[PDB]
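Next up: a single chain in structure tokens, the form deposited without the ligand.
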């Protein structure tokens, strides 16, 4: 069983309680702030290279190193549910213009194909994973909602306080993380795919 916050203020109190203990360095904070402004670019290059960073320019590779190492200081004290919303391309380029019916519902053919592609399988994410403690407005209107079951002790950082650019109740997960997709179902709407996944962890564990 995983904590799932039902109230923003409670989520904030929990997050703050974790954040207070991090003791991030100035450079770690700067790297994280930068991330909250530049996630698309950093995560894009990570995905482009399937996690390989030795072609990254000085600034980016230093930021990656700082980010990676910051997770030594940022752990969840508790089994926690984390949320993110995704657009169709998350399922693969073949879903990009294909997932949605003209009326805004998820196409059931596309859905079954996505289920075939992903259900009961591990998925490796090369980028860092920006999530939220709750299904926030930022994510809640997207066609794919992922609920991550994140185990006690896992690397996970509450970064909402660190940056004005941070998502609402943002929890950052380390890059190169594997999660296992346990369940995929349509919302009662028919307008969203709800994915339930168990976070397994990151390959990125600097001493």
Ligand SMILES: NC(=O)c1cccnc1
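C-alpha atoms forming the largest set that superposes within 1.5 Å between two forms make up the rigid core. Positions refer to the first chain, counted from 1. Shifts are known only where both forms have a C-alpha.
Separately, the form deposited with the ligand bound exists; it is not shown, and the next lines address it.
Looking in the deposited complex, any heavy atom of residue 130 within 4.5 Å of the ligand?
Flag for residue 130 set to yes.
Indicate whether residue 83 is a 4.5 Å heavy atom neighbour of the ligand in the deposited complex.
Answer yes; at least one heavy atom of residue 83 falls within 4.5 Å of the ligand in the deposited complex.
Look up in the deposited complex whether residue 152 has a non-hydrogen atom within 4.5 angstroms of the ligand, and give yes or no.
No, residue 152 is distant from the partner.
Classify residue 142 as contacting or not contacting the ligand in the deposited complex by the rule of any non-hydrogen atom within 4.5 angstroms, answering yes or no.
Yes, residue 142 is a contact residue.
Of 166, 64, 46, 181, which is the single residue whose C-alpha shifts by 2 angstroms or more between this form and the one not shown after core superposition?
With the rigid core fitted, the residue that moves is 166.
Regarding residue 174 and residue 166, go with closer or farther for their CA spacing in the deposited complex versus this form, the difference being 3 Å or more.
Residues separate in the deposited complex, at least 3 Å farther apart.
Where the chain shifts between this form and the one not shown once the rigid core is fitted, runs of at least 3 with Cα moving 2 Å or more
Core-superposed, just one run shifting 2 Å or more comes out: 163-167.
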